[PDB]
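For reference, the structure is listed below as structure tokens.
We did not get these values from a lab; they are worked out from the coordinates using the rules stated. Note: ideal-geometry Cβ built from the backbone for every residue, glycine included; neighbour counts use all protein chains shown.
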Amino acid sequence: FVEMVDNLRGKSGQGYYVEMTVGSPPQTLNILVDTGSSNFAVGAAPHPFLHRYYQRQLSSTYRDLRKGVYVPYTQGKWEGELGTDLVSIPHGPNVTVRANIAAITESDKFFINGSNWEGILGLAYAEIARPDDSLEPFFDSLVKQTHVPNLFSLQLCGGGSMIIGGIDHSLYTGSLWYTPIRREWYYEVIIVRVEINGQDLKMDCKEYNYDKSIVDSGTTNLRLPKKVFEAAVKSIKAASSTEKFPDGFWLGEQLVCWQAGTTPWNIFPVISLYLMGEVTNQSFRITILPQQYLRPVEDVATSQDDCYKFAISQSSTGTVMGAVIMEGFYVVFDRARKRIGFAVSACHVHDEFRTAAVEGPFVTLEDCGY
Ligand SMILES: COCC#Cc1cccc([C@@]2(c3ccc(OC(F)F)cc3)N=C(N)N3CC(F)(F)CN=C32)c1
């Protein structure tokens, strides 16, 4: 799938986007690749953070659905009007589909300054689509209207690639390990074990999935439930005891800086998340390096140093395997087989001592879900 390789641009902090065309004549927009939502929602009115927007009046294929949509959430707000129009992905499948579009007229803390994207491609299931499950998501429309296989894959690089309808073997090394999609709403998965520098957190596996565990490209951080987060911070603090950082750094509210090229990657531990396998009590592990959980914050003002933000944060809505976890892994969203595949990416993170990995099988001779 050579033409789809390198079709994504961006970073973990501001999100990965794909170029898409909306309407007829086609209007070009950069769209956020989001596996944690289900609406194809685009800016359709001027905004201080929007460089361009969807102009419905200039589209002869636009159809108004005469239904408003108001989405109030924790991190922000957005409202608009529902409609349908012709949609295509220039560096994706060579197809044109009619898909639902949420025309964003008003928003609060939704769009990001200098993100370079004007909309969101909600790749999750209809159950979480707004205003309700009757609003068919883009991928469902794509699969229904074309002969594109019910599968997509993400290769997020610290740029990247979105392969629609298949797996590109040039984007990964070794074997692909599959975890079952527990329920088709968010991309829900099951964590069976968490290790910090090979040391088990020793918690009932349900704790890692309170109240759910999801794979989300639309979230930066690895988000963990309160109890899991505290024990993880304690284990990372103990492993990196040679240096003491402010409480603010551990809360994700302040930066940690070291002289350019002197980051002590070796003092920080590796994090292993054991995901539920396709067979009973069997599992595989994904290993995360500090290079993934210590997200660099690019700022010309602080450029004499390399400054980092701790990319592990507290969650009250379950575990979120964000962009920092997805980076350096080729993630296969096998919708047709209700499973998520993980393999070491060609753009994986590694130093001379350690490498990010996808390894198994592991046997644990209870149900880890909620
Ligand atoms: C990776 O970071 C870049 C980004 C982003 C971003 C911007 C706006 C909204 C979202 C959204 C989001 C997208 C669409 C939404 O509404 C839908 F109805 F359109 C709501 C939130 N995408 C995800 N995955 N989440 C996680 C959250 F819930 F914690 C907070 N917000 C979101 C992501």
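With a Förster radius of 35 Å applied to the beta-carbon distance between residue 14 and residue 238, the computed FRET efficiency rounds to 0.60. For a label point 7 Å from the Cα of residue 338 along Cα→C-beta, name the residues of region 170-197 whose backbone N is under 15 Å from it. Answer for this model: 179-190. In this label model, residue 300 and residue 230 are separated by 4.4 nm, measuring between points 7 Å along each Cα→Cβ vector.
Placing unit charges on each Cβ (+1 for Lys and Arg, -1 for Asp and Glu) gives the chain a dipole about its Cα centre, and among 369, 59, 33 the Cα reaching farthest toward its positive end belongs to 369. At full extension, residue 206 and residue 363 could sit 54.8 nm farther apart than now, given 0.36 nm per residue minus the alpha carbon distance. Rounded to the nearest whole Hz, the Karplus-based 3J(HN,Hα) values (6.51 cos²θ - 1.76 cosθ + 1.60, θ = phi - 60°) of region 9-24 follow the sequence 9, x, 9, 4, x, 10, x, 9, 10, 10, 7, 9, 10, 10, x, 9, with x at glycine and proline. Its relative contact order, with pairs defined as Cα atoms under 8 Å and 6+ residues apart, puts region 16-148 at 32 percent. Which one, 166, 266, 277, projects farthest toward the positive side of the charge dipole computed for region 149-370 from Cβ point charges (K/R +1, D/E -1)? Toward the positive end, the furthest listed residue is 277.
Straight Cα distances below 25 angstrom link residue 227 to the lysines 202, 206, 212, 237, 244, 309, with same-chain residues fewer than 8 positions distant left out. Taking a ≥ b ≥ c as the square roots of the Cα gyration tensor eigenvalues, region 16-148 comes out rounded, since a/c falls below 1.5. Think of each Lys and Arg Cβ as +1 and each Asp and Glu Cβ as -1; about the Cα centre, that makes the dipole of region 16-148 roughly 240 debye. Stretching residue 147 away from residue 2 to a fully extended chain increases their span by 50.3 nm, per 0.36 nm per residue minus the current alpha-carbon distance.
Residue ranges 291-302, 242-253 sort as 291-302, 242-253 when ordered by packing (mean number of other C-beta atoms within 10 Å per residue, highest first). When shorter helices are ignored and each DSSP H run of at least 4 residues is given -39500 (n - 2.57), the per-residue value for the chain at 222 nm works out to -2500 deg cm²/dmol. With distances taken between every two different alpha-carbon atoms, the chain has a Kirkwood hydrodynamic radius of 21.3 Å. Each of 14, 186, 291 was scored by the projection of its Cα onto the charge dipole of the chain, and the greatest displacement toward the positive side belongs to 186; charges sit on the C-beta of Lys, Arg, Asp and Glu.
Counting only residues at least eight positions apart within a chain, or on another chain, the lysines with an alpha carbon under 22 Å from that of residue 77 are 67, 109. Here the label points at residue 253 and residue 370, each 7 Å from Cα along the C-beta direction, are separated by 2.5 nm in the simple model. When each of the peptides 128-141, 60-73, 324-337 is scored by how many other beta carbons lie within 10 Å of its residues on average, the order from highest to lowest is 324-337, 128-141, 60-73.
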